[PDB]
Amino acid sequence: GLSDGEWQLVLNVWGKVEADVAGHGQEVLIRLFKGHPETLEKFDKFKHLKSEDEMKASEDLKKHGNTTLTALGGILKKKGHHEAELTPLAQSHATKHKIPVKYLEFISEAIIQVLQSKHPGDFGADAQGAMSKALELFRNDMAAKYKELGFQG
Ligand code: HEM
C-alpha cells in the first residue's frame, strides 16, 4: 500500500531487528506497558510484573517479545500481500485475546519508539515514514478483519 521504495525502507530497517529480535521485542513490550499500563491487564502471565526492573528480568516477557516481533516480521515481509498471515492473528486477537485496535495503535508506537531509540542513524525521516505507513496498513487490515468477524473497537 506503500511504494516499492517504501517497502524497501521498511525491510531495510527490519533487517536491524532481525539481528536481535528478542531484545527489540523485550524493549517493545516494556515501552508499551509503561506507556499504556492498561495494556498489561490483558496479559495474565505479566500482571505481577510491578516495575521495569521486573519486566526486564522476565524471561517470558522476553520470549513473548520474540514471538510478537517474529510474527510481525513474517507479516512485514509479505509487503502487503499478507491476508494468510493476518487472518489467524485477527482471529486469536479478536476472539480469544480480546485486543481492541487502539491497542494495536499503541504497539505500533512503541515499535517506532524502539527503532528510533535503537537505530537513530538508520531510522531517518524517510524510513520513519515508510514504517509508520506499513504499521498503519497492518492495523487497517486487522481492523477490517475484526469487522468481518463482527467484532469492533
Ligand atoms: C504487532 C502486533 C502483534 C502481533 C504481531 C502479535 C503476535 C502475537 C502472537 C504471534 C501470539 C501467539 C499466537 C496467537 O495467540 O495468536 C500472540 C499472543 C498474544 N497477544 Fe499478541 N500480537 C500483537 C499485539 C498484541 C497486543 C497489542 C496485545 C495486548 C495489549 C496482544 C496480546 C496478546 C496476548 C494476551 C496473547 C496471549 C499471550 C500468551 O501466549 O499467553 N497482542 N500475539
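Here PDB author numbering is used: the first residue of the sequence shown is 1, the next is one more, and so on.
Here a beta-carbon is modelled for each residue, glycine too, at the ideal position from N, C-alpha and C.
For this session: For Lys-16, I'd like the list of residues in its chain whose CB is within less than 6 Å of its CB, leaving aside the five on either flank, ordered along the chain.
Result: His-119
For this session: Report the three-state DSSP secondary structure of residue 196 (helix, strand or coil).
Result: As displayed, the chain neither begins before 1 nor continues past 153, which places residue 196 out of reach and without an answer.
For this session: Kindly indicate which three-state DSSP category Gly-74 falls into: helix, strand or coil?
Result: helix
Exercise. With a CB to CB cut of under 8 Å and the five nearest residues on each side skipped, what residues in its chain are close to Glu-52?
Worked result: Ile-30 and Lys-34
Problem set entry | Pair within 9 Å by beta-carbon distance, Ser-117 and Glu-27 | yes
Exercise. Taking DSSP as the reference, what is the three-state secondary structure of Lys-133?
Worked result: It is helical.
Problem set entry | Euclidean distance between Cα positions of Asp-141 and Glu-109 | Computed Cα separation, rounded: 17 Å.
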